[PDB]
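What the coordinates show
Now for the letters of each chain:
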Amino acid sequence: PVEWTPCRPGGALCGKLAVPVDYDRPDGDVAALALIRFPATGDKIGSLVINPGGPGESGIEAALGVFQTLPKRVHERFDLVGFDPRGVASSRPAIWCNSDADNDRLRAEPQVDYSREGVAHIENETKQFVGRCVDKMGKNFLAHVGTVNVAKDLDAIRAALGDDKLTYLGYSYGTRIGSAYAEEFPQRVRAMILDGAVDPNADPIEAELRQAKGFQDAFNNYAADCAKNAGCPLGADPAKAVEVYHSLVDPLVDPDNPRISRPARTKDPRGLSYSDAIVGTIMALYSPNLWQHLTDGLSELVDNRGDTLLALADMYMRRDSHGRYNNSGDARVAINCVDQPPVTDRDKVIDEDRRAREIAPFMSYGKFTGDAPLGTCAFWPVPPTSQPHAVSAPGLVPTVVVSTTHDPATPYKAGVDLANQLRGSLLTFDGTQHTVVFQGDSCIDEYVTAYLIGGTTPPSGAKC
Ligand SMILES: *[C@](O)(C(=O)OC)[C@H](CC(C)C)NC(=O)[C@H](CCCCN)NC(=O)[C@H](Cc1ccccc1)NC(O)O
């Protein structure tokens, strides 16, 4: 049973859910899932459940940003409910590998040197890092944190809500969650919308290169706008932009020792590492809302300051004013590694490097060494709980996949194939943002509410 308690931002409820760690072993140890219920304001059909994806994103978090941008009529007919998944912030037990020192220390480095020693150093630190987890977390737990178990929890959630079928909205990784449960309880699904799609069938390397081109495309599109604007810090020449970009970012690195960071002055005591110069960029590429923020931090670097770019990185890392991180960084990795088998082969990583440098030159520093470090998950001790495959969910309600044309994170073609793999209705947004639902856009939310209450899918090839 769910005892709902107040907490402090709306008309919101709070609870926790007992779920087992191993569903094979449902008698040993139990998680407690953070929960938040926003009641409906009219006649209700049920609870809509959202998830921001990540993985790592607090469903308690998103559900408040969403609350402000929630259609009048949706609010009326649904309990908006959000939740931290198993290990997420309030959700106990939470995942902890790195300390704050651990993180700041890492981000103090430029991470560009792929010489053998430079590759040697990274994975050494990858190594010491993995031990922290198991030291502080117990290897047993880390196996069962795959989305495979998350789906079973999501099912237990619906039951806890008195819904008989589920109403769901998933962002980014949330879509990989959606598909899981979809393959799992296709009958326990009332309606479903997925935004920023993730394709389980895809090869994990090709995917990352899709994301590379996806961000360079976004970069092309930012600089094309800025270069029309007055005083573009990348010049008004969008061609030469990446160059100017590099002219602004390369000196954050000593051109004679690639381990030495020469960080830009900031009021904040940290200055700006090359690593973080790049992270803030990716940040602002996620949505055009953050592009002025970009134009700022660049003009900063022009004058040698990095304060803006420094804040974007934090927003990506979710490192608060007081310097505390939330565990979303740690969480991200743990789940990735169980969710699918890592790339064990060295050659193929080194080659992915070689290619990606060409595919996304603004991100890649200086010269291709001939070497790249293996991914973090290639060290993972608990095995992938889940397998890359095409989705097989046959008797499922028509749903709405949504992908933005120039989405840099989850590329548009991801939404394409996922929809195909679901035989469902697709919704296209012309834009260079990741996600878009309930973010000020009248058109999308019409269709969404239509499919939501009304259950009405967009036409064949609807485009807003
Ligand atoms: C999605 O779940 C989302 O937008 O959540 C914020 C999305 C799902 C796929 C991975 C796109 N996740 C992200 O975009 C995630 C951001 C989470 C930040 C909160 N602390 N970022 C990534 O997965 C990294 C994006 C990226 C890709 C290429 C180059 C640089 C950065 N992926 C890297 O870890 O590879």
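Residues numbered from 1 in each chain as written, not as in the entry; some residues may be left out. Heavy atoms only, no water.

As documented in the archive entry, the model was determined using X-ray crystallography at 2.72 Å resolution.

**Observations regarding the site of the ligand**
Under the convention used in this document: The cutoff for a nearby residue is simple: one of its non-hydrogen atoms must lie within 4 Å of the molecule or strand. Polar contacts here mean pairs of N or O atoms no more than 3.5 Å apart (in protein, one a potential hydrogen donor and the other a potential acceptor; neighbouring residues in sequence count only if both atoms are side-chain atoms). Secondary structure counts use DSSP, requiring at least four H or I residues in a row for a helix and at least two E residues in a row for a strand, with both numbered from the N terminus. Domain extents, as shown, originate in an automatic or database domain assignment.
Taken together, 15 residues lie near the ligand, and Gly54, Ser172, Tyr173, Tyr286 and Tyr316 sit nearest. In this structure, an oxygen atom belonging to the ligand sits 2.7 Å away from a main-chain N or O atom of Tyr173. Contact between the ligand and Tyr286: an oxygen atom at 2.9 Å from a side-chain N or O atom of the residue. Those elements that provide at least two residues to the shell around the ligand are α8 (204-228) and α13 (328-339). Taken domain by domain, the shell around the ligand gets at least three of its residues from each of domain 1 (13-93 + 145-200 + 393-463) and domain 2 (96-139 + 203-385).

**With respect to helix α15 (residues 412-422)**
For the record, the criterion: Classification of residues uses two cut-offs on accessible area relative to the type maximum, computed with a 1.4 Å probe and protein chains only: under 20% is buried, over 50% is exposed, and between them is partly exposed. In what follows, residue pairs with any heavy atoms lying within 4.5 Å of each other are defined as contacts.
When we look at burial in α15, the residues that qualify are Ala414, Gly415, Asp417, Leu418, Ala419, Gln421 and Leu422. On its buried face, α15 is in contact with β6 (189-195), β7 (400-404) and β8 (425-429). Note on α15: the residue one or two positions beyond its end, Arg423, has a positive phi of about 50°.

**Some remarks on the sheet that holds β6**
To be explicit about the condition: Here a strand pair is declared whenever DSSP counts at least two bridges between the two strands. Lines are fitted to the C-alpha atoms to define the axes, a helix being fitted only along its stretch in contact, and any angle between axes, read from their N-to-C directions, falls within 0 to 180 degrees.
The nine strands lie next to each other as β1-β2-β4-β3-β5-β6-β7-β8-β9, forming an open sheet whose pairing is mixed. For this open sheet the edge positions go to β1 (13-20) and β9 (462-463), each flanked by a neighbour on one side alone. With respect to the sheet, helix α6 (residues 147-160) is in contact with β1, β2 (30-38), β3 (46-51), β4 (78-83) and β5 (166-171), its orientation differing from that of β1 by roughly 130°. Of the strands in this sheet, β6, β7 and β8 are in contact with α15, which crosses β7 at around 165°.

**Overview of the packing of aromatic side chains**
Quick note on the threshold: Put simply, two rings from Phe, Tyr or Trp (the six-membered ring, in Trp's case) pair if the centres are within 6.5 Å, and we call them stacked under 30 degrees between planes, edge-to-face over 60, tilted for the rest. Either the NZ atom of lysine or the CZ atom of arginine qualifies as a charge over a ring when it sits within 6 Å of the ring centre and within 35 degrees of the ring normal.
Summed over all chains, the structure comprises nine aromatic pairs. Relative to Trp291, the ring of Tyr222 has its centre 5.4 Å away and its plane inclined at 80°; by these criteria the two rings are edge-to-face. One end of the pair, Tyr222, is in helix α8; the other, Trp291, is in helix α11 (residues 291-302), with 69 residues separating them in the sequence. For the pair shown, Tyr222 and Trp291 are each scored as buried. Seen from their ring centres, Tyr274 and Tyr365 are 5.3 Å apart, and the 80° between their planes marks the pair as edge-to-face. Of this pair, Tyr274 sits in helix α10 (residues 274-285) while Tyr365 sits in the loop between α14 (346-359) and β7; the two residues are 91 residues apart in sequence, bridging distant segments of the chain. Taken as a pair, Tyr274 and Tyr365 share a single burial class, namely buried. Three or more aromatic residues link up through ring pairs in this structure, and these residues are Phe215, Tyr286 and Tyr316. Geometry around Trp4 places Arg37 over its ring, the cationic atom sitting 5.0 Å from the centre.

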